[PDB]
Each structure stands twice: as C-alpha cells, then as structure tokens.
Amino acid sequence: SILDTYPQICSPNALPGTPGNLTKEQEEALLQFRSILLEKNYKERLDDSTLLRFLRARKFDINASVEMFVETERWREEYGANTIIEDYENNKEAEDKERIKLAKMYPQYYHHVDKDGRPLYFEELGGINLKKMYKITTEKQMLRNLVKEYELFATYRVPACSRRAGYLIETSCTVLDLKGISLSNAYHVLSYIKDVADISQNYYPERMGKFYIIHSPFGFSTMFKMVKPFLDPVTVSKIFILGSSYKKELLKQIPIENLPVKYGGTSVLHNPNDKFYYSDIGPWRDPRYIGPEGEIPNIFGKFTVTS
C-alpha cells in the first residue's frame, strides 16, 4: 500500500498509545480491535495509525472503539466522504468558482508546518459578514468543504509531511485568527461551530495537534464557555486562547521562517501580490515528498498559489 512509502511510527517523543509506542496491553488491544473489525468485513482504514486514533479517543476501550469506528464508516458512506475528492474533481470547474468567492471572505489556508512537522493551518474570521456570506454559500457547503479538506489532509498532507519529518504525522497545528470579529457574531454562529465539532470529534478523532485562537475580542472566553460543552476534555486541552503575547507563543511552536509576517514570523509569499487565501504551501507541494498518491488538487483553481 501507500503506507510503505512514508513513516508509520511517530517521533520518539510521542506518548504511549501512538504508533510505535504502545504498552503490551495497548498493542494487544490494537490486534483485538482490528480482528473484530476484520471479522465484520471492514477492509479500509485498518492501519495502525487510523486504529490507534480511535482507540486513543476511547481510551482503548475496545467495544467503545469498535462502536465509534462502525458509526464513522456508516457516516462516511452516507455522507459521501469516501468519494469526496473524486466527486470534487469531477465537478472541479463549478466548485472552484464558488470556493474562490468564499476564500476571499473567509481565508482558510495551510502555510508550511510547525516545529514538529505538522501541517500549519490558518483561518481568518474578521472579514466575514454573515449576511454577505449566506448569499454565496451555506453552512452545509462549508461543512462539506471541511470534510473534503479532512480527506485531502490524510491523503496528501500526511504522507508528504511524514516523509519530510522522518516520522508519522497525524495532526495539524491550527491558528484561528479572530481579529475583527464581533463577540456578538461569535455567539450567533454557535450552531455551525457545533456542527463542525460534531463531525470532527465523532469522525476524525485524534487529528488535533495544537489549536491557537488569536486576536479574540474581550469577552470571548465567556462565549467559549458555550463551545466547551460539545468538546471532549482532550480537545479542550489542545485549545489555547492567546493574549497580547501571542506571537511569542506561536514562535515557540512554529519556525519563524514558516510563520507569516503579520503573525510574528518572516514568511512572505514569493510574489507579494499573491493572497494567502488562495495559497496552499507546504511539503505536499515539494516533488521530493510527493509519493504514489500524486499531488494534491488545487482548491482555488487557476488562482491557487503554491509558493
């Protein structure tokens, strides 16, 4: 399989329960877990990395893990997640046209990696005008975009970043920029945030590495109290709402040369004219780290900036 073309064991610093560092009990739990799924006639997504993510999410409770994995497969099938990339490719022209319009309003882009080799992801929310946004897209569509990215992450970003890092990468480093949002709108989209949380928590376990929230308005901490109800404790412990010293905290986790200038780093697009909201820069663009999976498609069509 493709798995033989990139590291399947995490770095030596990874906590037990991860690929390459299991206790005897865990390693035994994993074999039993796979056996049960194999008996249920499951074929795909049964590799160590995937299975350990579900096991970790359920603290290695085999039956709870089986139940979680079964429901995930169910959803993947009904949601169309197993063919989300293919279907997008067959509709690229139309979908790209609408995505281009949404990107400028709601920047979503990866820009290199963090110090551990994790794909570095950025989102900027301050330019969103809900009214204008609801005229060009729907929450439904934004969720499907999210799901598609989850698939692109596992398909293209992980193999490449793992080959570069020298070890298996299973998570991302996210920076949520809230500069310019109204605490009021934060409350207003609680519903969508819940939907995002449901899909991620339930179908994409152990995919969060580091998650920073910067430039949040005063009072945000209170609004966040309403988000925590639908986030597992493990997830909440990965979320960090930074203050005025955010650049210094980001510099502790991300190479200065990989962090955009406005966030405290020195990274600049090769062509200062290009926009980060049409960019997709990282190891998965480096021919040296792209494998049999091929190169990731261009989500922003012709405007896609890969440098």
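Numbering starts at 1 and runs along the sequence shown.
- Just going by the entry, 22 to 30 versus 235 to 243 on mean CA temperature factor gives the higher value to 22 to 30.
- Of the two stretches examined, 173 to 181 and 226 to 234, the record assigns the greater average C-alpha temperature factor to 226 to 234.
- Within the listed group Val196, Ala81, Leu152, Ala186, the record reports its top CA B-factor for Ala186.
- Taking the deposited Cα B-factors for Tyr109, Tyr203, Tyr106, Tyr134, the highest one is held by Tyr134.
- The PDB entry assigns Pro272 a C-alpha temperature factor belonging to the highest third of its chain's modelled residues.
- When the CA B factors of the chain's modelled residues are split into thirds, the value for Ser1 lands in the highest one.
- Split the chain's modelled residues into thirds by C-alpha temperature factor. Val261 is in the middle one.
- Sort the modelled residues of the chain by CA B factor and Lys148 lands in the lowest third.
- Among the modelled residues of its chain, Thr304 has a C-alpha B-factor that falls in the middle third, as given in the PDB entry.
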